[PDB]
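A quick write-up on the structure given underneath.
Residue numbers start from 1 in every chain, and the chains themselves are labelled A, B, ... in the order their sequence lines are given, proteins ahead of strands. Counting starts at 1 for both ligands and their atoms, following the listed order. Values below: every heavy atom of this structure, side chains too, minus hydrogens, waters and symmetry copies.
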Amino acid sequence: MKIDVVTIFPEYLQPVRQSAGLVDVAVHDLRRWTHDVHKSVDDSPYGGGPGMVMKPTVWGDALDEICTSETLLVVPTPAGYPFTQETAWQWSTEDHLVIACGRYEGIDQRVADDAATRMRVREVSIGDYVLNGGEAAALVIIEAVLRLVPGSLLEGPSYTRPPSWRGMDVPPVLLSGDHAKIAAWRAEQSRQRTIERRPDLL
Amino acid sequence: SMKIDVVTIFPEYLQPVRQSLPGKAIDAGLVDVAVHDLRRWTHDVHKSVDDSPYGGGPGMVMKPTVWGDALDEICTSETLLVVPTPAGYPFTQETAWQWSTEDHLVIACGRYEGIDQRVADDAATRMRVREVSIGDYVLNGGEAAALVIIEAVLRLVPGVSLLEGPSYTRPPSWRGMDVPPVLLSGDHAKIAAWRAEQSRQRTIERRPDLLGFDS
Ligand SMILES: Nc1nc2ccccc2s1
Ligand SMILES: Nc1nc2ccccc2s1
């Protein structure tokens, strides 16, 4: 798998040089494709309003150079479809991901619209909160996808040694050698924790 | 000023918190971010932080002893202890607003298959503890989730619904694609109307749950 990340903060994605030569991850400074001596990457939004919108001419040139017809173009955005584990599984078999990191106010919509006439494009949000930029979302997506590269209910509490620590004992069932019972106990712990923390999953 | 301590076995990995939005916040002195190697609180020469789970199962569990010593040194009773975990309560924008008012956040990053539950149980007897998930996907470790949390929170610190619709900037025509004319009209009310519509039409397609619909 090849992953190209485009960002105005290239140093952000250097740590995730975490291996083993199975994937290739390359980070590109978006300013490579700017046109002016000021290296401008955004401009005031049409229709008014706060913040800036990233320039289509800059992104268009960047994607033109980096993408191919086989590319899956990932665009993290707070207005995106949800990125889920199912999404990660799907993307883990792709030959080429390109992740376009932009500010939360967005990239000119015509960039994605144009790219979508030539390649597959996925606009996705990693959660119901707002980040200033796509870089952290890129990190999350890269981690979730790459750990799947062949290279329900919540999980309940986990325990390890020692059997007693600061007045708290490991649940005796876990030491019982009754593995059918252990499974049933873990199932109940999962049900209770899911009810408490994520009733939506039920 | 806010203080954020992060505890991890991959301290170098938390470097992306520099020269960025959190980088700007640090440089402006609105937050102090400190990263600590969990292995600093081990005492064996192989610096073991994990062990096989009681009761069986895949992978390893982080030992409570090392974590307990680390949190003893770093936390006070006023600390908000944040533990990223896929089994956590949802971390949302409301959570971010809430934590943006905290004096002291400590983020415990776990790896392998989780941290011995007694760490959070013990901590809860002394301080407030929040186990949270940033989304329904699996990471290898809590570090990337810590970066997400730090960014979502810090942008809300003083001094630093529905989906946003599409945005456009110059030029008005590009590759034969035109900016929606209403945005070039100067009519604030028509623009407001068009955007509200776009925002609701994008919401119903990508996130019907926000509007109280299935899927
Ligand atoms: N929840 C998310 N917020 C942002 C902000 C900017 C870019 C991407 C994303 S995903
Ligand atoms: N979605 C999340 N996955 C993980 C994995 C390990 C530690 C923390 C978290 S949060």
Side-chain angles (χ1 to χ4, degrees), chain A residues 5-9 12 30 42 51-54 74-85 87-88 99-107 112 122-145 147-148 154 158 197-198, chain B residues 6-10 13 20-21 38 50 59-62 67 82-93 95-96 107-115 119-120 130-139 141-153 155-156 161 163 167 206-207 210:
Chain A
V5 187
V6 184
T7 174
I8 59 176
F9 300 115
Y12 200 102
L30 181 68
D42 47 45
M52 305 285 274
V53 172
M54 303 205 95
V74 178
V75 182
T77 163
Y81 298 86
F83 176 79
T84 68
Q85 192 58 21
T87 319
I99 308 177
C101 304
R103 57 194 291 136
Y104 69 102
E105 305 100 317
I107 304 173
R122 306 290 183 259
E123 294 169 78
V124 291
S125 170
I126 57 161
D128 287 323
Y129 36 77
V130 178
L131 308 181
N132 234 51
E135 283 75 20
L139 195 45
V140 166
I141 288 163
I142 289 171
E143 283 224 358
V145 170
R147 70 180 289 280
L148 299 172
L154 302 182
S158 279
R197 306 185 171 181
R198 300 284 312 271
Chain B
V6 186
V7 184
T8 170
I9 61 168
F10 296 124
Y13 196 87
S20 44
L21 178 275
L38 180 64
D50 53 275
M60 303 293 266
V61 172
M62 304 195 91
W67 271 112
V82 175
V83 187
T85 165
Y89 298 84
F91 173 81
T92 68
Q93 190 61 26
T95 319
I107 308 178
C109 306
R111 282 257 164 174
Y112 317 102
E113 296 303 320
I115 302 174
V119 175
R130 308 291 181 256
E131 302 183 67
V132 294
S133 178
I134 60 162
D136 292 344
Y137 34 75
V138 189
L139 310 171
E143 286 75 18
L147 289 168
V148 164
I149 289 164
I150 286 167
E151 177 152 352
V153 170
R155 60 184 300 281
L156 300 181
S161 325
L163 299 184
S167 57
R206 298 183 185 181
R207 294 291 307 282
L210 296 175

Worksheet item: With atoms numbered from 1 as shown, which atoms in ligand 1 lie under 4.0 angstrom from a non-hydrogen atom of A/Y104?
Response: 5 (C), 6 (C)
Discussion item. For B/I149 versus B/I134, what's the shortest heavy-atom pair and its separation?
Written reply: CG1-CG2, 3.8 Å
Worksheet entry | Distance-only N or O hit between ligand 2 and B/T85, under 3.5 Å | no
Discussion item. Closer than 4.0 Å to some heavy atom of B/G142 - which atoms of ligand 2 meet that?
Written reply: 6 (C), 7 (C), 8 (C)
Response to the item:
Atoms of ligand 2 under 4.0 Å from any heavy atom of B/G110, numbered from 1 in the order shown, are 7 (C)
Worksheet item: Near A/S125, which atoms of ligand 1 are under 4.0 Å from a heavy atom of that residue?
Response: 1 (N)
Worksheet item: Considering only the protein, which heavy-atom contact is closest to atom 4 (C) of ligand 1, and what is its distance?
Response: A/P78 CD, 3.6 Å
Discussion item. Test side chain to side chain contact (heavy atoms under 4.5 Å, CB included) on B/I9 and B/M62; report intermediate values, then the result.
Written reply: CA-CA 11 Å; B/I9 61 168; B/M62 304 195 91; 4.0 Å; yes
Worksheet item: Between A/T7 and A/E135, do the side chains contain an N or O donor and an N or O acceptor separated by less than 3.5 Å?
Response: yes
Worksheet, complete the sentence: Correct closest heavy-atom pair for B/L163 and B/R206 would be CD1-CB, 3.9 Å
Worksheet item: Which atom names give the shortest non-hydrogen contact between A/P76 and A/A100, and what distance separates them?
Response: CD-O, 3.3 Å
Worksheet item: When you measure from atom 1 (N) of ligand 1 to every protein heavy atom, which one gives the shortest distance, and what is it?
Response: A/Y129 O, 2.7 Å
Practice prompt. Could you list which atoms of ligand 2 come closer than 4.0 Å to a heavy atom of B/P84?
Written response: 8 (C)
Discussion item. Need the ligand 2 atom indices (1-based, order shown) with element for anything under 4.0 Å from a heavy-atom of B/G135.
Written reply: 1 (N)
Worksheet item: So which bit of A/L131 gets within less than 4.0 Å of ligand 1, heavy atoms only: side chain, backbone, both or neither?
Response: both
Discussion item. With a 4.5 Å cut-off on side-chain heavy atoms, are A/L148 and B/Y137 touching?
Written reply: no
Discussion item. If you compare all heavy atoms of A/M52 against all heavy atoms of A/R103, which two are closest, and at what distance to 0.1 Å?
Written reply: O-NE, 3.4 Å
